[PDB]
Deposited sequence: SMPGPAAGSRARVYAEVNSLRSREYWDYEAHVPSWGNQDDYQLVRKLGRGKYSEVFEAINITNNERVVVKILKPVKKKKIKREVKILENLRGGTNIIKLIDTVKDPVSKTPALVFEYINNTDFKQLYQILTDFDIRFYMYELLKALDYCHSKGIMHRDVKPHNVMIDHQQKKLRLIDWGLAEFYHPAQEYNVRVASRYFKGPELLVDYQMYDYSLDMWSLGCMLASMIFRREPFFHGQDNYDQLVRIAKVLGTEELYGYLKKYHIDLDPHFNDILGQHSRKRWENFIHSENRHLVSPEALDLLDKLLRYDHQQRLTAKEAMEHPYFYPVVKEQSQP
């Protein structure tokens, strides 16, 4: 399998661009930063609102929990810096006591998605999805898969109508035919490819995750596919997309399906997306929304819209207007 777009991006650039193991960060002194408020945590870092005490600028400081992984994140952020709606890396620093590496970013005043998604209009969803597509078309065009697209990693300042895609710690360079670790994304946003241990995935993985976000936004079921574990996640998907459709996918790409799935997958017809409309979400759903969604949440990673293709869809006509 190969990416339909941006397949040869990395091979056509200087080795320096993508050889992140060769990258040498310069680690400055974190004592220039006062970490005033804890914002959030995860398996890979803790994040603080901070002030640069030399010039009084507001920033975020992300304290990281192997060097190779740090180098990857840093090189990717540098490669992407300046890109539309990519979080801007400002510095790479270490606390002089702890010596622990930390990344300094621009500060966005985020509106927590649980509160926000409840009050978005149809137009707002189109608007923010368009902005997130700008970030994804950009990073894909730069040979990079995010591989952790989810509401938590999409910062929105609703007042300033600003969006940043954050947490590039699972991002990787795309190289044709390379086999990638499937232990990426967060469960509810994992593409089928990850759930069946298919390693030759590409940028299309991010478009599945984006589709999951779009379904949760227009239908108000968040998350949309709520699996209890990695096995059940695929069952949840198959109850919507259908089982015969899944087997077709597995056959085409010669994927070995874990034998345990035969006990739990069942027999499910493909469900029409109209099945998810009810009186509480009707005002966020349109034929255009459902047409787009159907073209993102596809088992076959090759057939999912690219970021650029998605941006040309009628769903986004109002936003471009």
query: Since the structure holds only modelled residues, which stretches of the deposited sequence does it leave out?
result: 1-8, 74-75, 332-336
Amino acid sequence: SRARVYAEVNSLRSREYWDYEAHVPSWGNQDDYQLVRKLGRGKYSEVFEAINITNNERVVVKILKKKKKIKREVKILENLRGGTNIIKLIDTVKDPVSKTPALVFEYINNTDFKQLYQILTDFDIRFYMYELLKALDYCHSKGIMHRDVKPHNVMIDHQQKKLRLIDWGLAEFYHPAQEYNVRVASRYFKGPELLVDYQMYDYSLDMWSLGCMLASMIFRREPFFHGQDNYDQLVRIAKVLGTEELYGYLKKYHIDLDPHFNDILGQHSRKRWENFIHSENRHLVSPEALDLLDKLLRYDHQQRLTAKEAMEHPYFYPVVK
From here on, numbers count along this sequence of modelled residues.
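In this text, the rigid core denotes the largest set of C-alpha atoms whose superposition between the two forms falls within 1.5 Å.
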statement: RMS over structures and residues, CA atoms, rigid core fit in 5 other deposited structures of this protein: 94-102 vs 74-82, larger is 94-102
- prompt: Of the other PDB entries compared that resolve residues on either side of residue 68, does at least a third omit it?
  reply: no
message: Does the comparison with other entries of this protein show residue 295 left unmodelled in at least a third of them?
response: no
- request: Averaging only over Cα atoms, indicate whether 113-121 or 169-177 has the higher B-factor in the PDB entry.
  value: 113-121
- request: Quick one: say whether 256-264 or 26-34 has the higher mean Cα B-factor in the deposited entry.
  value: 256-264
statement: Per the deposited entry, the peak Cα B-factor within the set 67, 278, 283, 271 goes to 67
Which of 233, 159, 153, 216 ranks first by CA B-factor in the deposited coordinates: 159
- request: Rank-wise, by C-alpha B-factor, drop residue 209 into the lowest, middle or highest third of its chain.
  value: lowest
query: Against its chain's modelled residues, does residue 243's Cα B factor rank lowest, middle or highest third?
result: highest
- prompt: By the record's CA B-factor, is residue 98 among the lowest, middle or highest third of residues in the chain?
  reply: highest
task: Would you mind ranking residue 141 by its C-alpha B-factor against the rest of the chain and naming the third, lowest, middle or highest?
output: lowest
- prompt: Lowest, middle or highest third: where is residue 196 by C-alpha B factor in its chain?
  reply: highest
